[PDB]
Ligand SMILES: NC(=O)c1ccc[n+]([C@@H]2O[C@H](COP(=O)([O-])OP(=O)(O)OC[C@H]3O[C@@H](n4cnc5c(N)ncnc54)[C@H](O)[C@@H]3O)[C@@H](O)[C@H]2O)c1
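Take a look at this single chain in structure tokens; it is the form deposited without the named molecule.
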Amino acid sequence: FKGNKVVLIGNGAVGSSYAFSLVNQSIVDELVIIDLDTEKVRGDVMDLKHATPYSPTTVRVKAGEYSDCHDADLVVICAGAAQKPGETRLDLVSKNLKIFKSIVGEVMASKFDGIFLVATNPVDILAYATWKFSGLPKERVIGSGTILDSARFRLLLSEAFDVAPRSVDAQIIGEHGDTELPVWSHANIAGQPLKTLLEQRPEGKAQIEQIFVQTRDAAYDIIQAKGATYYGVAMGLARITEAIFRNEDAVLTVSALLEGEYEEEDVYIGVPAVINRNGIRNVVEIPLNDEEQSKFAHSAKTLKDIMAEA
């Protein structure tokens, strides 16, 4: 009768913020933090523990090492390497593949038998890699994918239409990156057709474009302003964590393996998927219009070309 245990690997801005989200939300009762910067870990674990008496229900937080993954239920990986000058995107992929082969190797050697949630960029490539490296079933390896992109799109639509973001149903699918796309054929508020309504406004076509540009380029915009982006990603990772531990069967946009859905295979990419205590139960195949079909196929090709090069 063990409790719910998350191990976070990588304690930078995103991981540390996700850890604080867990302490606020009490999704699980045990959080273990692993990072090579063991002084930052020790300092963060103290600071987080001191918050926990005001957590809704008990959360225990500790510094850990790979062996602590033995009975972990979810391993969340935020660790990795940024692109350097003169490095090609292929170089950046190769560099993080080497890191992930090592991390996933150490996790599996602990006898871990839970679910992976990968957040490191490029997330769709690294989720695919974690699946291959770990030998686990596809249900048990999840990339965060477009979980945050979809939230950014909903946030911006909720400002354009002045309603709660929870009342906006809107999705970004595809690569978490340059090749993502908005699903305007479905974006709505209680049935209100948002793109059609925006097209009625003056320069409405320009507004539609700017809503998507601001979604696509959100990280770049936050980094220019404050140097790093982390709250939005932490909250999205908490949302997935919730769906798993509360066994929700909730449809979320995450990076999932396709084996025929959307006429694509052997690729991880952002799509709506049903999430529950066993991970991704199934990918949801929704209708796409011509423009969306075109863009989604191009995104998948982009991801598959990159991996093939590697």
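Only residues modelled in both forms are compared. In this text, the rigid core denotes the largest set of C-alpha atoms whose superposition between the two forms falls within 1.5 Å. Start at 1 and count along the sequence shown; that's the residue number.
Below, we refer to the form deposited with the named molecule bound, which is not included among the displayed structures.
Judged by the 2.4 Å clash test against backbone and C-beta atoms, the pocket of this chain is open once the named molecule is superposed from its pose in the deposited bound form, as not a single ligand atom violates the cut-off. Just one of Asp37, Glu285, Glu263, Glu65 comes within 4.5 Å of the named molecule in the deposited bound form, counting any heavy atom, and that one is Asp37. Contact with the named molecule in the deposited bound form, judged by any heavy atom within 4.5 Å, is made by just one of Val141, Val76, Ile172, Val123: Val123. The partner is not drawn, yet in the deposited bound form one stretch among 28 to 36, 254 to 262, 241 to 249, 48 to 56 has residues with heavy atoms inside 4.5 Å of the named molecule: 28 to 36. For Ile99, a non-hydrogen atom is located within 4.5 Å of the named molecule in the deposited bound form, even though that partner is not displayed. Contact annotation: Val14 falls within 4.5 Å of the named molecule in the deposited bound form, judged by heavy atom distances. Taking non-hydrogen atoms only, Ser110 never approaches the named molecule to within 4.5 angstroms in the deposited bound form. The closest heavy atom approach of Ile103 to the named molecule in the deposited bound form falls within 4.5 Å. Contacts of stretch 139 to 176 with the named molecule in the deposited bound form, defined by any heavy atom lying within 4.5 Å, are made by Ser144, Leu148, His176, listed in sequence order.
Look at the core-aligned forms between this form and the one not shown and you find a single run of 3 or more residues with C-alpha shifts of 2 angstroms or more, at 81 to 85.
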